[PDB]
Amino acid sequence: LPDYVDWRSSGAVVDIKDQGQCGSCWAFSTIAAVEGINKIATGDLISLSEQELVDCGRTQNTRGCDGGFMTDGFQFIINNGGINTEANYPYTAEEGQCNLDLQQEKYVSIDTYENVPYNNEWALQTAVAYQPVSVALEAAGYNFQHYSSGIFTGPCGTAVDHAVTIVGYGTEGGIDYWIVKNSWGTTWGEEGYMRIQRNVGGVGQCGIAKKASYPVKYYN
């Protein structure tokens, strides 16, 4: 595996978005991952619709602005046979009735999705070396909330209360990190991103290795 990976450097990451006052993070993480594999597979970067997932992807466990799961996100895109664009189905940070017309417009498709084996930073690194990966982590703590720069090494718990997207990894001064794309806008962290410690073992830093998944496209 490479020592450094950054999917932003090859145009596979859409500019930072902001989920606003809505617990839709699962949807932003789902979309960032799908956007990434689409560019990597097809060669074209397209910004995709979080709102569609919020409005049309409700399940028993996925509940619009009241939280949800990236696996349910991926399931929707597979089951629907695709996802519409950000421009066509814009984000309003509010739950709305599923727009059937816009649900029927499919600009990007995925073939499958896979879960990263739990508590396994090596399997996670393997996945990130090929594409962005959806993850959930413990983001509730003061220090995480007020992160502005550097490599985040905690403190944080391991509850998976907030979804983000790993868009790469690297090392500086012997300290390994993941590059994480958050959906709190450009004013949090390193213009919307965080470097968070990697190779700490177990569930990973803030539980980042607990619930990782990614969308699959068969051909490159």
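Just count from 1 along the sequence shown to find any residue number.
- Here 86-94 and 119-127 are compared by their mean Cα B-factor, and 86-94 comes out higher.
- On average the C-alpha atoms of 170-178 have higher B-factors than those of the other stretch, with 31-39 and 170-178 being the two compared.
- Note on the listed residues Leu48, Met194, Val160, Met70: the highest Cα temperature factor in the record is that of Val160.
- Looking at the C-alpha B-factors along this chain, the one for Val54 belongs to the middle third.
- Among the modelled residues of its chain, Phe76 has a C-alpha B-factor that falls in the middle third, as given in the PDB entry.
- When the modelled residues of the chain are ordered by C-alpha B-factor, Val200 sits in the middle third.
- Residue-level temperature factors show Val135 in the lowest third of its chain, judged at the C-alpha atom.
- In this PDB entry, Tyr214 carries a Cα temperature factor that places it within the lowest third of its chain's modelled residues.
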